[PDB]
Structure formats: structure tokens, C-alpha cells
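> The listed protein sequences correspond, in order, to chains B and A. Following PDB author numbering, the numbering of the first sequence begins with 1 at its first residue and continues without gaps. Following PDB author numbering, the numbering of the second sequence begins with 1 at its first residue and continues without gaps. Just so it is clear, CB atoms sit at the ideal spot from N, CA and C, and this is done for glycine as well. Structure below; questions to follow.
There are 2 protein chains.
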Amino acid sequence: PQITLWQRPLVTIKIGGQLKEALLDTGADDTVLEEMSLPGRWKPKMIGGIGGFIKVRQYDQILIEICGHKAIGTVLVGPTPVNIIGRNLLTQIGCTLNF
Amino acid sequence: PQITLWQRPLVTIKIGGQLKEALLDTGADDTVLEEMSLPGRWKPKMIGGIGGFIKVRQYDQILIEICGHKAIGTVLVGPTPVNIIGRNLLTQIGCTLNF
Ligand SMILES: CC(C)CN(C[C@H]1CNC[C@@H]1COCc1ccccc1)S(=O)(=O)c1ccccc1
């Protein structure tokens with residue numbers, strides 16, 4: 001599809017068998033998810049921006065379905081108010097910027 | 001143009017007679033640039049960031065040329081990890097996400 005920027009580019013995603021809202025974010029290197037449980041081990045990480053840094057847990061090889069497209073890769077889980085789909089998964093689903 | 005996301009979508013911008021590199025950030029509501037002087041009136045503004053709000057300077061109706069596309073709008077100047085072009089100006093140059 002083609003997603004407008006008049007509003008935040010929020011789309012529905014599915015992870016596990018859970019459906020959520022997430023932001024398609026070209027400014028984010030990584031995908032950041034709101035606090036949730038995932039199985040397996042993780043690595044500690046710190047990620048920052050305007051304002052500073054939050055502590056997150058890095059899981060690898062996580063499936064996120066985005067508008068029917070299955071992306072598999074690293075996700076960072078922590079105290080974000082919004083699920084953020086970053087370039088590591090946007091590339092997989094063939095997402096481009098166009099103007 | 002069409003911009004893929006395997007790398008950061010950093011582009012050259014011309015603002016206030018100066019050439020800069022900035023990140024095209026669909027996740028950003030607003031455009032935020034590193035410390036620089038710009039002509040005209042500005043007001044202090046607080047913006048929501050990681051773990052809290054940050055003080056920026058707000059300059060309205062500023063011309064900026066992105067990839068050869070002209071935008072005229074609000075630019076915030078303050079402590080950002082990188083120059084980011086947010087939806088306020090991305091909408092003006094016709095930017096959408098596609099997959
Ligand atoms: C929450 C906000 C202050 C973070 N920044 C913008 C958001 C919007 N797209 C990238 C970043 C989200 O993903 C980054 C992120 C980092 C830590 C916690 C959540 C999200 S930013 O301007 O600081 C920034 C822009 C570009 C790259 C990195 C940061």
C-alpha cells in the first residue's frame with residue numbers, strides 16, 4: 001500500500017497471535033516494541049534520541065507480520081509508548097520512501 | 001525520487017544559505033535541527049522526547065530545500081542526535097511510504 005504522512009503512519013501489525021498498532025519509522029535503525037513477553041534469551045541494550053536513552057531487551061529472529069508481509073529480525077523491547085517498525089524490518093517488506 | 005532503506009535516508013538539505021545532511025524521519029512529527037542561527041523571530045518550545053521534554057527554539061515559515069524540493073514551515077533548533085526532517089515538511093515535498 002501507500003501510507004500518507006498527514007497523520008502518523010500507524011499500521012496494524014501481528015506478532016505471535018497478537019495484533020497491535022505500530023509506527024512505520026524511517027528514522028529508526030531498529031524496531032522497538034512496547035513491553036511484552038517474548039521467549040528465549042536477550043541482550044541488554046541502550047537506545048537513545050532527543051531526550052536521552054532507554055534500556056531495552058534485544059531479541060533476535062522475531063516474526064512481525066506487517067499488512068500481510070512477514071518480517072523476521074531483531075526487536076528491542078522496552079518502555080516506549082508506541083511500537084516502532086524501523087528500517088531493519090521495513091527493508092524486508094520492501095518499504096520505500098517516495099516523493 | 002525513490003529511496004530505499006538499507007541505509008539511513010540521509011539527504012542534503014539547503015537551509016538558511018547552508019548545506020546540511022538530514023535524516024528523513026517518518027516517525028518524527030516535527031523537523032528538528034542541530035544548533036544554528038536562522039533569521040527572524042523564534043519562541044521557546046518544549047518537545048516530547050525520551051524520558052522527558054526538551055527545550056528547543058521554534059522558527060516558523062522557514063524555507064528549506066530538500067532533494068531539490070521547496071518547503072516552507074516550522075523548524076525547531078535544539079539538541080538532537082541528528083538533523084531530522086519530520087512529517088510537517090515531508091508532507092510538503094510529497095513524501096509517502098510504499099510497499
Ligand atoms: C523519541 C524521539 C526523541 C526519538 N527520535 C525520533 C524518533 C522517530 N524516528 C526515529 C526515532 C525513533 O527511533 C529511535 C528511538 C530511540 C530510543 C528509544 C525509542 C526510539 S530522535 O529524533 O531522537 C531520533 C531520530 C533518528 C534516529 C534516532 C533518534
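1) Using a beta-carbon distance below 8 Å, is residue 50/B in contact with chain A?
2) Beta carbon of residue 81/B: closer than 7 Å to some heavy atom of ligand 3?
3) Output, in chain order, the set of chain B residues within a Cβ distance shorter than 7 Å of residue 41/A.
4) Restricting to Cα atoms, I'd like to know which of 50/A, 65/A, 74/A and 70/A is closest to residue 57/A.
5) In chain B, what lies closer than 7 Å to residue 57/A by C-beta?
6) Verify the CB distance criterion: does residue 28/A have a CB-CB separation below 8 Å to chain B?
7) Which residue from 13/B, 38/B, 77/B and 5/B puts its Cα closest to that of residue 27/A?
8) For chain B, is any of its Cβ atoms less than 8 Å away from the one on residue 68/A?
9) Which of the three DSSP states, helix, strand or coil, is assigned to residue 83/A?
10) Checking contacts by CB at 8 Å: is residue 33/B closer than that to chain A?
11) Which two residues bound the contiguous beta strand (DSSP E) that contains residue 30/A?
12) Helix, strand or coil, according to DSSP, for residue 5/A in the structure here?
13) Rounded to whole angstroms, what's the CA-CA distance from residue 62/A to residue 35/A? Just pull it up for me.
14) Please confirm whether any heavy atom of ligand 1 lies closer than 7 Å to the CB of residue 77/B.
15) What does residue 5/A reach in chain B if we use C-beta pairs closer than 8 Å?
16) Can you tell me the Cα-Cα spacing of residue 10/B and residue 25/A, whole angstroms?
17) For residue 72/B, which option in 14/B, 37/B and 2/B has the closest C-alpha, if you only look at C-alpha atoms?
18) Say the cut is 7 Å; is the CB of residue 28/B nearer than that to a heavy atom of ligand 1?
Once the coordinates are examined:
1) yes
2) With respect to small molecules bound, the structure shown includes ligand 1 and not ligand 3.
3) Contact note: residue 41/A does not reach chain B at a C-beta cutoff of 7 Å; the least C-beta distance is about 23 Å.
4) 74/A
5) Residues of chain B passing the Cβ test: none, with the nearest at roughly 14 Å.
6) yes
7) 5/B
8) no
9) coil
10) Interface criterion not met: the Cβ of residue 33/B is under 8 Å from no Cβ in chain A.
11) Element bounds for residue 30/A: n/a, residue is neither H nor E.
12) coil
13) 15 Å
14) no
15) Per Cβ cutoff of 8 Å: 26, 87, 90, 91, 95, 96 and 97.
16) 14 Å
17) Residue 72/B has its Cα closest to that of 14/B, out of 14/B, 37/B and 2/B.
18) Of the heavy atoms belonging to ligand 1, at least one sits nearer than 7 Å to the Cβ of residue 28/B.
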